[PDB]
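Colleague:
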Amino acid sequence: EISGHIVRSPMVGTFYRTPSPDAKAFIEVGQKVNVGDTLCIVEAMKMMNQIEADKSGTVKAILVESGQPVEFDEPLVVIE
Ligand SMILES: *C(=O)CCCC[C@@H]1SC[C@@H]2NC(=O)N[C@@H]21
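Heads up: the sequence shown runs through residues 77 to 156, numbered per the authors' numbering.
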């Protein structure tokens, strides 16, 4: 059985769950995202790699661990 969809970081940077401290937190666990919705930023050299969920579904968890540097092909967020 498939485990949904997993999003692996395309490059290296810095994962996160809550951008601008004065925000509403990005797509965290138990969250709902639809093809066309935001996801999160990578923060690679100040590029704001703000990804946008394009597979719809409900986030299951994160393996990259926000606040931690990102690496090529890193499960940023796994959707259910
Ligand atoms: C880049 O100019 C310096 C670091 C910027 C950090 C960014 S702002 C939105 C995210 N939230 C946070 O705490 N850090 C990320």
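Even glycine gets a Cβ: it sits at the ideal position worked out from N, Cα and C.
1) Go to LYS136, then tell me how far its beta strand (DSSP E) extends in each direction, as first and last residue.
2) Quick check: is any heavy atom of ligand 1 less than 8 angstroms from the C-beta of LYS136?
3) Does any heavy atom of ligand 1 sit closer than 8 angstroms to the C-beta of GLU119?
4) Quick one: any contact between the region 127 to 134 and the region 93 to 101, if contact means 3 or more CB pairs under 8 angstroms?
5) Using a threshold of 8 angstroms, is the CB atom of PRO95 nearer than that to any non-hydrogen atom of ligand 1?
6) If you reduce the DSSP assignment to three classes, tell me which class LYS108 lands in.
Modeller: Taking the definition as stated:
1) Looking up residue 136 in the sequence shown gives position 60. From DSSP, the beta strand (DSSP E) with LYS136 extends over 133 to 137.
2) Position 60 of the sequence shown holds residue 136. Result no, Cβ not under 8 angstroms from ligand 1.
3) For the purposes of this step, residue 119 is taken as the residue at position 43 of the sequence shown. Indeed, a heavy atom of ligand 1 lies less than 8 angstroms from the Cβ.
4) no
5) Position 19 of the sequence shown, counted from the start, is the residue given in the question as residue 95. For ligand 1, at least one heavy atom lies less than 8 angstroms from the Cβ of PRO95.
6) If you number the sequence shown from 1, residue 108 lands on position 32. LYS108 falls in the strand class under three-state DSSP.
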